[PDB]
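Mapping to the authors' numbering: the sequence shown position 43 is 299, numbers consecutive.
Note that beta-carbon positions come from the ideal geometry of N, C-alpha and C, so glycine has one too.
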Amino acid sequence: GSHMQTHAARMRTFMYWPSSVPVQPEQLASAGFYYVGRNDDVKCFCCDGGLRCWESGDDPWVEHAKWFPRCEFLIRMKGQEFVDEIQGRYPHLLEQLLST
Ligand SMILES: C[C@@H]1CN(CC(=O)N2CC(C)(C)c3ncc(Cc4ccc(F)cc4)cc32)[C@@H](CN2CCOC[C@H]2C)C[NH2+]1
Ligand SMILES: [Zn+2]
């Protein structure tokens, strides 16, 4: 999309985020997601991928890589190797583990 490109702008959309959803605004906004204003529906500012029905223990970066692996914002922030491993591809696991 053309909006919500900054972390601060994404955070502002969470003003009416329901307090009972077990995933928090900071986690979502960091992973590129902003609140669309209905239920627990979020969208990525970059790939426009939509996610809902957040569950306790969900990791927004893992959900981003599981559903929208070609997102250029996801790749810039987390790197192609992170996305590959979420997609079940491990030819570069040792180097990944070593590098960090
Ligand atoms: C966090 C986790 C996500 N998960 C998948 C999910 O949310 N995806 C996967 C898919 C990309 C196929 C998809 N496409 C449309 C919508 C709808 C939408 C959401 C936001 C929005 F702004 C506008 C529309 C959701 C959605 C949940 C399980 N989902 C729940 C829905 O049915 C599919 C199922 C697999 C569990 N929680
Ligand atoms: Zn995205």
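Proximity below 8 angstroms, CB of residue i to CB of residue j
| i | j | result |
| --- | --- | --- |
| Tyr290 | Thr269 | yes |
| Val279 | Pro316 | yes |
| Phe301 | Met333 | no |
| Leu349 | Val339 | no |
Beta-carbon contacts of residue i that lie in its chain and below 7 angstroms, excluding the five residues immediately before and after
| i | result |
| --- | --- |
| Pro281 | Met267, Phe270 and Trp273 |
| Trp323 | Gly305 and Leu307 |
Whole-Å CB distance - residue i paired with residue j, under 8 angstroms assumed
| i | j | result |
| --- | --- | --- |
| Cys327 | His320 | 6 angstroms |
Paired residues, beta bridge with residue i - DSSP
| i | result |
| --- | --- |
| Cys300 | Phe289 |
| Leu330 | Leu330 is not bridged to any residue. |
| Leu307 | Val298 |
Chain-order list of residues whose beta-carbon lies under 6 angstroms from that of residue i (same chain, five-residue window excluded)
| i | result |
| --- | --- |
| residue 357 | Outside the displayed range of the chain (257 to 356) lies residue 357, so it cannot be described from this structure. |
| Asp314 | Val279 |
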